[PDB]
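Below is one structure; the comments refer to it alone.
Virtual Cβ from ideal backbone geometry, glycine too; neighbours counted across all protein chains shown. None of the figures in this text is laboratory data; all of them are computed from the coordinates on show.
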Amino acid sequence: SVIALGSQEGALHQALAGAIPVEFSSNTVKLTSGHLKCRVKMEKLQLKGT
Amino acid sequence: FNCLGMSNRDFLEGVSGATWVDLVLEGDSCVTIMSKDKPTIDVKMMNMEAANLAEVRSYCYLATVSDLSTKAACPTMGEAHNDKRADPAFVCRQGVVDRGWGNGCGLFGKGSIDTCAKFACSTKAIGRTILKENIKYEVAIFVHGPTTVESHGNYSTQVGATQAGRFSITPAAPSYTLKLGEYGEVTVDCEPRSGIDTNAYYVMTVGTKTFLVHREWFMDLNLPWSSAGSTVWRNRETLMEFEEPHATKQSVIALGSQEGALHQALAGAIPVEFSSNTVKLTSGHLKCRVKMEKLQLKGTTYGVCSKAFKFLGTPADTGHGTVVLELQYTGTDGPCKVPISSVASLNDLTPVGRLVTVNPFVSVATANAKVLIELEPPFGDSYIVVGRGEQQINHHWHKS
Amino acid sequence: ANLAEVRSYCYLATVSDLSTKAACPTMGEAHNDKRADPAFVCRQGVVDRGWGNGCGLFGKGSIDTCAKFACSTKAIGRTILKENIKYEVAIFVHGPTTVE
Amino acid sequence: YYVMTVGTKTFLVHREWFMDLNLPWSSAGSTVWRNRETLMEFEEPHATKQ
């Protein structure tokens, strides 16, 4: 008897929360996962109607 | 229906001067019983069936997480009531969203939100119970009368030879007296009682692979469920919805179905074959009392076989401390007793190997008949021997 | 605005075809022809037997059966190299405005 | 005990010492398994020649 082992998606699902969810199209991964360190230089930012 | 060749075999000698024996039978097991001056027999439980189960719970793995709803409420306007809250048509849950002018509302701050998603079931990991009157047992009894490698396993031949039988036991009538022709009869009084494993375990059904799980592991699990109705409760497993959205759309992602949750707890619960309405217990046992003062020998008034006897091949190890082998009788004479014993050293006077196939004998008068024999030889080296003097043959053996 | 796969775990089907290369006691091991190509997955074992089932002597006989293997639902996974990554930053100025 | 044959000098060895030894092997076929004894290959080379 070569019983096909029952496929229990629980094994996967169970470890859901651990890994963060992300929208993915065939070739793309929109990072939300991701961050960006910036330096907002603005000595050129100026008031108006003063 | 007989013991030879099975790995779950147990040999028994009831008691001293006992015409009966108390025994225990289970699923795929067999038992060979010996008794002074009486045929050897094999009691064996064939099948365990309910000829009436009932469902108890039903956990689901699911689909329908398609329809959506988002009843919006502006800040200070109170809570939000979604019409999809009148019928279990959907599952609703409230939340709040930071908003104001930016998105159509007059003031700035937290606004109510009560969305809803739909719920129906797909694959129901159904489960049921096993009440300790529909339980019937099927016990098969064999008689170690004349046989051959061939006929030994043929139920037909054996029944025909009145050296076998298959009857059933029920709580209604827990006993039976199986008649075996001139061999008299054997009367078992099996007592349907069993634990065996107590009904305490639930009947887990998953797609195709049925299993036997612990009441609690089952009952106390986390998954949607429904007793005997189309109504489902705790469907909260329609989770991972609260992206903590906007009044426009609250993503209602269908929770990934991971059969691992189930599978992972495989080994724990014992597996069992289950047909729509039946559960063959292997889980189950049966305490019997094989009364057999009515079991009797046959062909005891015949003379000893006196003609050459040839082996038909190296005896084989049953894996039980006994060996099997098949003889051939050059003899032309009819039904005579087969002179076979186990001797510690050539030409010893007293035997040492007890025969399982007690009081063996050539069934027919048709020369060159075959005879099957199972015997337990002593440990270490020994000799199997058939016939005596210069007719006698022999074959050595060494048990460990 | 270029990923690449790395592994692929499966949940499966094809467990349909069977095989059972039998070997009598003392006749050694059993070699199933379905062992030449990954067409099937084979595994050996031993069975108590003898006259009862066609064999000459009594005892443990070799056994090497095989089942087939192909995949159904591949729980695929890939990598994310740290030049195709572009960011979109939006800057606002708190100049005159209305709720609108 | 097994029947050990080596070139010319035949011997009688213990089932296990024999069966449970480390060397390539083949039952009754031209097919060989555990040929891993084709060892000492991994000079941990270059794509050109290992």
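Only one entry of B:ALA261, B:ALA269, B:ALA254 meets the criterion of being surrounded by 14 or more Cβ atoms within 10 Å (Cβ to Cβ), within 14 Å of chain A (Cβ to nearest Cβ) and more than 30 Å from B:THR129 (Cβ to Cβ), and that entry is B:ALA254.
Annotation note: Cβ proximity below 6 Å between a residue of the range C:14-40 that is within 14 Å of chain A (Cβ to nearest Cβ) and a residue that is surrounded by fewer than 14 Cβ atoms within 10 Å (Cβ to Cβ) (sequence gap 6+ or interchain) occurs for C:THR14/C:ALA70; C:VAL15/A:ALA4. The residues in the range B:1-58 that are farther than 30 Å from B:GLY127 by Cβ and outside any strand (DSSP E or B) can be counted, and the count is 17.
Tell me yes or no: at least one residue of the range B:317-331 is within 14 Å of chain C (Cβ to nearest Cβ) and small (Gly, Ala, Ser).
Checking the range B:317-331: at least one residue is within 14 Å of chain C (Cβ to nearest Cβ) and small (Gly, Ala, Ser).
When the residues of the range B:168-198 are filtered to those that are in a loop (DSSP other than H, G, I, E, B), in contact with a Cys (Cβ under 8 Å, 6 or more places away or on another chain) and not hydroxyl-bearing (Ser, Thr, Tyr), the one that is farthest from B:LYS136 (Cα to Cα) is B:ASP189. Of all residues in the range C:59-74, exactly one satisfies the criterion of being within 14 Å of chain B (Cβ to nearest Cβ), loosely packed, with under 14 Cβ neighbours inside 10 Å and assigned to a strand (DSSP E or B), namely C:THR73. When restricted to residues that are assigned to a loop (DSSP other than H, G, I, E, B), surrounded by 15 or more Cβ atoms within 10 Å (Cβ to Cβ) and within 14 Å of chain C (Cβ to nearest Cβ), the range B:148-167 contains 6.
Restrict the check to the range B:204-216 and report whether at least one residue is in a loop (DSSP other than H, G, I, E, B) and at positive phi. Yes, because at least one residue in the range B:204-216 is in a loop (DSSP other than H, G, I, E, B) and at positive phi. Residues in the range B:266-279 that are within 17 Å of B:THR208 (Cβ to Cβ), of a type outside the set (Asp, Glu) and not in a strand (DSSP E or B): B:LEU266, B:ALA269, B:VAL272, B:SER276, B:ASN277. The set of residues in the range A:1-13 being touching a strand residue (DSSP E or B) at 6+ places or on another chain (Cβ under 9 Å), within 11 Å of chain B (Cβ to nearest Cβ) and either surrounded by fewer than 10 Cβ atoms within 10 Å (Cβ to Cβ) or of a type in the set (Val, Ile, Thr) (or both) consists of A:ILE3 alone. The condition (being in contact with a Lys or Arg (Cβ under 8 Å, 6 or more places away or on another chain), away from chain A (no Cβ under 14 Å), closer than 30 Å to B:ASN277 by Cβ and surrounded by 14 or more Cβ atoms within 10 Å (Cβ to Cβ)) is satisfied by just one residue among B:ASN199, B:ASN235: B:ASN199.
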